[PDB]
There are 2 protein chains.
Amino acid sequence: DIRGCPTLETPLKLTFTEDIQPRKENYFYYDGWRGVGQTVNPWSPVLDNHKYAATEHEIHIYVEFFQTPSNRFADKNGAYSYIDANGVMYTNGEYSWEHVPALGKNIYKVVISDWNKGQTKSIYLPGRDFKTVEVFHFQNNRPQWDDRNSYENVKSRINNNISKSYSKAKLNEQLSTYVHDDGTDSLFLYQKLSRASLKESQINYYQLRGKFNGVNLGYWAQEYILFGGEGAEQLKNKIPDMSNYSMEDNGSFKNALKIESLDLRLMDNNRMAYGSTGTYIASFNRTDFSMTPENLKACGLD
Amino acid sequence: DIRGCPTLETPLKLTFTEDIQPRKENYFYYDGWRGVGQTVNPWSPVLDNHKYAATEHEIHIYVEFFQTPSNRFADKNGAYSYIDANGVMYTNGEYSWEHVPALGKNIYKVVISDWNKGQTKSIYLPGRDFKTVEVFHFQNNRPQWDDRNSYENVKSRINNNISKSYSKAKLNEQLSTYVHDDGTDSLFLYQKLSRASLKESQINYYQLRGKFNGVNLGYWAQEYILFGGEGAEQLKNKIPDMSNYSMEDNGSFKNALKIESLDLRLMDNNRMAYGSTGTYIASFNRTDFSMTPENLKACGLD
C-alpha cells in the first residue's frame with residue numbers, strides 16, 4: 001500500500017488553446033481564425049472577408065469507456081461526474097455530457113462553443129480509464145457546418161476524403177480568383193486518444209489536421225494546418241523544405257498517470273508560396289503533475 | 001474493492017465569503033467590513049471613518065497533520081501538494097504553505113490577503129487526513145494587527161481574553177463618545193477544525209466570534225458577530241430575545257468524505273440598541289458532493 005500517487009481516479013484534463021497571431025504580408029494580416037484584415041490593433045477585416053471567414057468555432061468531444069463510468073460523485077465545477085441507473089451523466093459547472101447510446105454503449109458527447117481569440121478551453125474527462133476520446137474541431141461559414149452533429153458523416157470524411165498528405169507542388173499552387181470556393185471542410189482538426197486496455201498505463205494519440213477557411217481577395221489565400229503533435233511548437237517560424245507534408249500526427253504518452261493535462265495549441269507559422277498559402281501548427285503536448293525523482297520512482301512513473 | 005467513492009485522497013476545500021450588506025439607520029449605512037458611510041451606491045464614508053474602520057482583512061490558516069502530509073504530487077492550480085525530504089511544501093497557483101516547525105512537527109501556514117467586499121476566498125487543504133486546522137481572521141486599523149503573525153499571542157487572547165458570551169445588558173449599553181477606543185481585537189473570528197484520529201470519519205468544529213471595528217460618529221457603533229455555526233444563515237433578520245448571547249459555535253460534521261467544502265459566510269443582521277450595536281452572522285456550513293441515495297449507501301455515507 002502506497003498512498004499519495006496519481007491513480008485512474010485522479011481527474012485528467014483536456015485543454016484547447018487558440019494562439020494564432022496574425023501575419024503581415026505585403027498590405028493585410030492573415031489569421032486562420034477570422035480571415036484577413038486591413039489593420040491589426042484593433043482588428044479590421046478586408047471588404048469581402050465576411051463571405052469567406054469563420055466567426056464561430058466548436059469542439060465536439062466523444063468519449064467511449066470500456067464499461068459504465070466508475071466515478072460515484074459530482075462536484076461543484078465539474079472535475080468529477082457520475083451516471084445514474086439509466087446511463088445519464090451528471091456534471092455541474094459549464095459543461096454537461098450527452099449520453100449517446102445510438103453510437104454505442106458507454107459513449108458520451110459534449111459540445112464546447114464560443115471559442116474566440118486567445119482563449120483556452122478546459123474540460124475534465126469524466127474518467128481516465130477511457131477506451132477512446134475523439135475530438136472534432138469545427139469552423140463556421142463552411143457547408144458541412146450545419147451537419148456537424150452527424151458523427152457518421154464526419155467520420156466518413158475523415159476516413160475517405162480528407163487528405164493525409166499535401167505535396168509541395170500542391171502547397172505552391174495558386175487557385176485562380178475565378179474559382180468561387182476553395183473546398184475546405186468545416187472540420188479542421190480531428191484528434192483521437194486511445195487506450196488498448198482498462199488499466200493501461202499509456203495514452204496513444206492520432207491527429208488529422210485540415211485547413212482554415214480560405215479567403216479570396218484578388219487571389220486565393222489558403223490556410224493549411226501543416227504541422228502538429230508533440231514538440232511541434234518548437235518548429236514555429238520554420239517550414240522545412242521537403243517534397244511532401246504529412247497531415248497526420250501519431251504518438252504515445254508513456255506513464256499517463258503522471259499527466260495532469262493533454263494540451264492542444266493552435267498557432268501561426270510562416271506563410272508559403274509568397275503569402276498565398278498559410279501554415280499553422282496544431283501542437284499536442286502533455287503537462288505533467290510536478291513530482292520529485294523520488295516520488296516518480298516510488299509511484300513507478302520514472 | 002469499490003471504485004469511485006470519495007476518499008481521504010480526494011481534496012477538501014475551505015471557503016470564506018464576505019456577504020455583508022450595509023444597513024441603513026436614521027442617516028448613514030453601517031458595514032462591519034468598511035465602517036460607516038453617508039451613501040451606499042456607490043460607497044462614501046463618513047467624515048472621520050478612516051480613523052476607525054478597517055481597510056484590510058487577512059485569513060491565516062494553520063494546519064496540523066498526524067504525520068508527514070501523504071500526497072505525492074502537485075498540480076497547476078493548487079488542489080494537490082507534496083512535501084520534500086526537508087518538509088517544505090510545494091503548491092502551485094495563488095497560495096503556498098510555509099512550514100512552521102517551531103510550532104510543531106507537521107504544521108503548515110498560509111496567509112490569504114486582499115479580502116474585499118463580496119469576495120469568496122477558496123483554498124484546498126494539502127490533506128484531508130489532518131489533525132487540526134486553525135483559522136485566524138484579522139482586521140485592519142486595530143492595535144494587535146502588527147502582531148498578527150504571533151501564533152502564541154493570538155492563542156493567548158483566544159484562551160484568556162476574548163469573551164465567550166455577551167449579556168443583553170451589555171449589548172444594550174452605549175459607550176460614551178468621550179472614550180476614544182472601543183477595545184475591539186484585530187482578531188474577529190477564530191475557527192478550529194479537528195479530527196481525533198488519522199482515519200476518522202467526521203470533522204469537529206469550533207468558532208470564537210468577536211467584533212468588527214467600532215466607529216465613533218457622535219456616539220459609538222459597536223459591531224458584534226452574534227451568531228454562527230451551521231444553519232445560522234436561517235436566522236438572518238432575526239435577533240431572538242434572550243438574556244445572554246454565546247460567542248462560541250460547536251458542532252460535528254458526520255460523513256466528512258461526502259464534503260466537498262466547508263463554507264464560512266459573513267453576513268449582516270438586524271441592528272440592536274437603536275442602531276448603536278450591530279449584529280452579524282458567521283455561518284459555517286458544508287457543501288457536499290452530489291450523490292444519489294444508492295451511491296451514498298454503497299460508499300457507506302448515508
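Brief remarks follow.
- Per-residue Cβ neighbour rank within 10 angstrom, fewest leading, A:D302, A:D268, B:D146: B:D146, A:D302, A:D268
- The Rg/Rh ratio of region A:50-188, with Rg taken over Cα atoms and Rh as the Kirkwood radius over Cα pairs, comes to 1.06.
- Once the Cβ-Cβ distance of B:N41 and B:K168 is raised to the sixth power relative to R0 = 41 Å, the FRET efficiency obtained is 0.75.
- Each other residue within a Cβ distance under 13 Å of B:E200 adds +1 if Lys or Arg and -1 if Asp or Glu, for a net charge of +4.
- Amide hydrogen neighbours beyond the local backbone of B:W115, cut-off 5 Å, H modeled: B:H57
- Helical mean residue ellipticity (222 nm; -39500 (n - 2.57) per DSSP H run of 4+; nearest 500) of the protein assembly as shown: -1500 deg cm²/dmol
- Computing Rg and the Kirkwood Rh from the Cα coordinates of the protein assembly as shown gives a ratio, Rg/Rh, of 1.06.
- Note on region A:141-210 and region B:186-219: Cα centroid distance 58 Å, given to the nearest whole angstrom.
- Net charge contributed by nearby residues that have their C-beta within less than 10 Å of A:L296 (K/R +1, D/E -1): 0
- Among B:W43, B:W33, the ranking by other beta carbons within 10 Å of each residue's beta carbon, starting with the fewest, stands as B:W43, B:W33.
- Taking other residues whose beta carbon is less than 9 angstrom from the beta carbon of A:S113, and scoring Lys, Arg as +1 and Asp, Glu as -1, yields -3.
- The mean sequence separation of alpha-carbon pairs under 8 Å and at least six residues apart, normalised by the residue count of region B:173-218, gives a relative contact order of 42 percent.
- For the pair region A:115-132 / region A:229-292, the C-alpha centres are spaced 17 Å from each other.
- Taking N as the residue count of chain A, its C-alpha radius of gyration divided by 2.2 N^0.38 Å amounts to 1.06.
- Solvent-free Debye calculation, one equal scatterer per alpha-carbon of region B:238-302: log10 I(q)/I(0) at 0.13, 0.19, 0.25, 0.26 Å⁻¹ equals -0.57, -0.83, -1.12, -1.18.
- Summarising the label geometry, the points placed 7 Å from Cα in the beta-carbon direction at A:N141 and A:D19 lie 2.5 nm from one another.
- Label-point spacing at A:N116 relative to the other copies reads 2.3 nm, in ascending order, each point sitting 7 Å out from Cα along Cα→Cβ.
- Note on A:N250 and A:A85: the model spin-label points, each 7 Å out from Cα along the C-beta direction, lie 4.7 nm apart.
- Each label point was placed 7 Å from the Cα along the Cα-to-Cβ direction; for B:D241 and B:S96 their separation is 5.7 nm.
- For B:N204, the point set 7 Å out from Cα toward Cβ sits 5.6 nm from its twins in the other copies, listed from shortest up.
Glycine also receives a Cβ, built like all others from the backbone with ideal geometry; neighbour counts cover every protein chain displayed. Here, each number is a calculation from the coordinates, and none is a lab measurement.
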